[PDB]
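K.L.:
Following this message is one structure expressed as structure tokens.
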Amino acid sequence: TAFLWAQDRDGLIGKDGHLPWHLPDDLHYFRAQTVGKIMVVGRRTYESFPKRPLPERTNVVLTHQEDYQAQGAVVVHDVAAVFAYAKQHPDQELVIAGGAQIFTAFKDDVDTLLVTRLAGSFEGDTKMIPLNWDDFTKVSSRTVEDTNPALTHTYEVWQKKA
Ligand SMILES: COc1cc(Cc2c[nH+]c(N)nc2N)cc(OCCC[C@@H](CCC(=O)[O-])C(=O)[O-])c1Br
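Written as structure tokens, this is what we have:
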């Protein structure tokens with residue numbers, strides 16, 4: 001199980017229910033780091049995607065609303081249902097794409113971090129949950145420079161030590 005995110009230099013991930021930046025490169029790598037997988041997102045991050053569902057991947061939406069409707073998405077109500085779905089699934093990798101409340105609900109079962117680090121600093125109200133960095137190794141790092149230098153970003157892959 002991977003966590004799929006993008007943060008500024010201080011850890012910020014969101015502002016007013018939406019992204020605090022607009023960084024097309026990093027949403028091209030959202031679509032294909034989850035083309036094909038089981039993608040888990042919290043109800044509010046699902047409602048803030050422009051197309052609902054975004055296509056070619058299993059969108060699982062985590063909501064406490066018993067009645068919620070999301071045509072074409074897998075609507076569950078606790079973490080045990082996520083993993084009961086993933087157990088049925090097998091051959092699809094599970095990627096937790098946010099936001100903060102859902103990262104906290106899977107904080108013990110993530111093995112890989114897929115983090116995009118912005119060089120700048122943005123204003124908002126939601127930060128990435130604290131994690132033990134010391135328990136992971138950075139395996140891969142690729143940097144992309146943008147003409148807004150706040151937007152220059154690094155894609156890191158981190159994997160959990162034995
Ligand atoms: C709520 O705002 C968003 C937050 C994200 C969250 C996010 C972004 N980027 C990264 N790397 N990590 C994240 N956690 C994705 C997103 O739409 C992804 C949509 C991409 C399209 C393809 C787009 C394209 O390639 O131009 C898709 O179907 O996947 C939106 Br809109």
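Going by the authors' numbering, the first residue of the sequence shown is number 1, and it counts up by one from there.
Don't be surprised by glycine CBs; every beta carbon is placed ideally from N, CA and C.
Consider the C-beta atom of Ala-97 and the heavy atoms of ligand 1; say whether any pair is separated by less than 7 Å.
P.N.:
yes
K.L.:
Using 8 Å as the cut-off, can you tell me whether the stretch 115 to 131 makes contact with the stretch 4 to 18, which would need three or more C-beta pairs spanning the two stretches below that distance?
P.N.:
yes
K.L.:
If the criterion is Cβ atoms closer than 8 Å, does the pair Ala-100 and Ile-13 meet it?
P.N.:
Less than 8 Å separates the beta-carbon of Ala-100 from that of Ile-13.
K.L.:
Thinking just about the alpha-carbon of each residue, which of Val-157, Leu-131, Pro-149 and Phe-136 is nearest to the one in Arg-142?
P.N.:
The option with the nearest alpha carbon to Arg-142 is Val-157.
K.L.:
So what does DSSP say about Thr-154, is it helix, strand or coil?
P.N.:
strand
K.L.:
Between which two residues does the alpha helix (DSSP H) harbouring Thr-34 extend?
P.N.:
Annotation: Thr-34 is outside any alpha helix (DSSP H) and is labelled neither H nor E by DSSP.
K.L.:
How long is the line joining the alpha carbons of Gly-98 and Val-144, rounded to whole angstroms?
P.N.:
23 Å
K.L.:
On the three-state DSSP scale, how would you describe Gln-71?
P.N.:
coil
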